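Here the structure is laid out as structure tokens; the discussion comes afterwards.
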Amino acid sequence: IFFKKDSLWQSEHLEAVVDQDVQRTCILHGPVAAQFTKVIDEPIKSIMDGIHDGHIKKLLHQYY
Amino acid sequence: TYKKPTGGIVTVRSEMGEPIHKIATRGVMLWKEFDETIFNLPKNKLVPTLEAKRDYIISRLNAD
């Protein structure tokens, strides 16, 4: 319990970790979805529009 | 991800014994290690094991 409880916030507040050391912290992340997390500090709108505008472009080509 | 770090991500049990995909940091590697060795032991064996490993546990906790 002492080891495992409340183990998620640390990765968002490295100020409140010993040495501010990320390597101490749990970061939740998917093995397969980790192929496409590369570009840091991309705006959410740029990502989400990127996926949607991709779908539109391919659909247009195939059915219109 | 259930055996070793795979694309920099690993699976670790939570406190309820349910899997979690985490980036395999030093912290998460210690977590995975204590799942394999300490937290899987029966209740009668836990306290003896902790007393025995105490100074190792403590160095890892402070370092990682």
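Each chain in the structure tokens gets a letter, A, B and so on, in the order shown; residues start at 1 in every chain, and ligands are counted from 1 in the order they appear.
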
Within 7 Å of chain B: each chain A residue with its shortest pair, only C-alpha atoms, as a tab-separated table:
```
residue	atom	partner	partner_atom	distance
A:1	CA	B:15	CA	6.8
A:4	CA	B:15	CA	6.2
A:23	CA	B:25	CA	4.9
A:24	CA	B:27	CA	4.2
A:25	CA	B:27	CA	5.7
A:26	CA	B:28	CA	6.0
A:27	CA	B:22	CA	5.4
A:28	CA	B:22	CA	4.4
A:29	CA	B:22	CA	5.4
A:30	CA	B:21	CA	5.9
A:31	CA	B:9	CA	5.8
```

Dump as an mmCIF file, in the first residue's frame, selection limited to N, CA, C and O atoms:
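The result, written out as out05.cif:
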```
data_model
loop_
_atom_site.group_PDB
_atom_site.id
_atom_site.type_symbol
_atom_site.label_atom_id
_atom_site.label_comp_id
_atom_site.auth_asym_id
_atom_site.auth_seq_id
_atom_site.Cartn_x
_atom_site.Cartn_y
_atom_site.Cartn_z
ATOM 1 N N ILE A 1 0.864 -1.209 0.000
ATOM 2 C CA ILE A 1 0.000 0.000 0.000
ATOM 3 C C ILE A 1 0.888 1.241 0.000
ATOM 4 O O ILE A 1 0.630 2.126 -0.815
ATOM 5 N N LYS A 4 2.586 1.524 -3.509
ATOM 6 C CA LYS A 4 1.726 1.600 -4.721
ATOM 7 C C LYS A 4 0.709 2.735 -4.666
ATOM 8 O O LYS A 4 0.321 3.167 -5.748
ATOM 9 N N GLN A 23 12.834 9.765 -13.858
ATOM 10 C CA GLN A 23 13.107 8.311 -13.877
ATOM 11 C C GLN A 23 12.595 7.615 -12.608
ATOM 12 O O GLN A 23 12.559 6.353 -12.605
ATOM 13 N N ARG A 24 12.204 8.375 -11.588
ATOM 14 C CA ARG A 24 11.610 7.810 -10.358
ATOM 15 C C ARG A 24 10.122 7.510 -10.575
ATOM 16 O O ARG A 24 9.578 6.670 -9.809
ATOM 17 N N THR A 25 9.486 8.139 -11.577
ATOM 18 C CA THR A 25 8.004 8.286 -11.677
ATOM 19 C C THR A 25 7.382 7.275 -12.649
ATOM 20 O O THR A 25 8.046 6.891 -13.628
ATOM 21 N N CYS A 26 6.136 6.895 -12.372
ATOM 22 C CA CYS A 26 5.223 6.176 -13.298
ATOM 23 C C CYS A 26 4.634 7.150 -14.327
ATOM 24 O O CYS A 26 3.999 8.132 -13.917
ATOM 25 N N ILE A 27 4.816 6.849 -15.611
ATOM 26 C CA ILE A 27 4.171 7.527 -16.773
ATOM 27 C C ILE A 27 3.339 6.473 -17.520
ATOM 28 O O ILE A 27 3.925 5.484 -18.009
ATOM 29 N N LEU A 28 2.023 6.656 -17.596
ATOM 30 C CA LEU A 28 1.127 5.661 -18.239
ATOM 31 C C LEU A 28 1.189 5.871 -19.745
ATOM 32 O O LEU A 28 1.188 7.033 -20.143
ATOM 33 N N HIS A 29 1.309 4.796 -20.536
ATOM 34 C CA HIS A 29 1.542 4.881 -22.006
ATOM 35 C C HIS A 29 1.438 3.514 -22.664
ATOM 36 O O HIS A 29 1.834 2.545 -22.064
ATOM 37 N N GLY A 30 0.900 3.474 -23.867
ATOM 38 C CA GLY A 30 0.548 2.224 -24.546
ATOM 39 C C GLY A 30 1.719 1.794 -25.403
ATOM 40 O O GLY A 30 2.416 2.643 -25.946
ATOM 41 N N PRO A 31 2.019 0.492 -25.487
ATOM 42 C CA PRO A 31 3.171 0.044 -26.262
ATOM 43 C C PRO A 31 3.021 0.400 -27.742
ATOM 44 O O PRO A 31 3.956 0.918 -28.314
#
```

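Distances to residue 52 in chain B were evaluated for B:32, B:4, B:19, B:38 using only C-alpha atoms, and the minimum falls at B:38.
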
So how far away is CA of residue 38 in chain A from CA of residue 6 in chain A, in Å? 27.9 Å

DSSP on the backbone, then: every residue of chain A marked alpha helix (DSSP H), written as a compact mmCIF listing (two decimals) with C-alpha atoms, in the first residue's frame.
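As a result, selection-v4.txt now contains:
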```txt
# COMPACT_ATOMS: atom_id res chain seq x y z
CA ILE A 44 -3.94 19.19 -29.55
CA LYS A 45 -5.86 20.88 -32.43
CA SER A 46 -2.92 20.15 -34.85
CA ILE A 47 -2.94 16.40 -33.83
CA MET A 48 -6.75 15.88 -33.84
CA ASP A 49 -7.21 17.92 -37.11
CA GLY A 50 -4.24 15.92 -38.55
CA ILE A 51 -6.12 12.62 -37.96
CA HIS A 52 -9.55 13.99 -39.13
CA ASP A 53 -8.11 15.78 -42.26
CA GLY A 54 -6.31 12.50 -43.09
CA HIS A 55 -9.64 10.59 -42.92
CA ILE A 56 -11.38 13.23 -45.12
CA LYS A 57 -8.49 13.21 -47.70
CA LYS A 58 -8.47 9.35 -48.09
CA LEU A 59 -12.32 9.12 -48.08
CA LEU A 60 -12.49 11.86 -50.80
CA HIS A 61 -10.00 9.87 -52.98
CA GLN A 62 -11.84 6.49 -52.56
CA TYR A 63 -15.61 7.40 -52.61
```

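Going from CA of residue 33 in chain B to CA of residue 17 in chain B covers 14.4 Å.
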
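The spacing separating CA of residue 53 in chain B from CA of residue 8 in chain A amounts to 26.4 Å.
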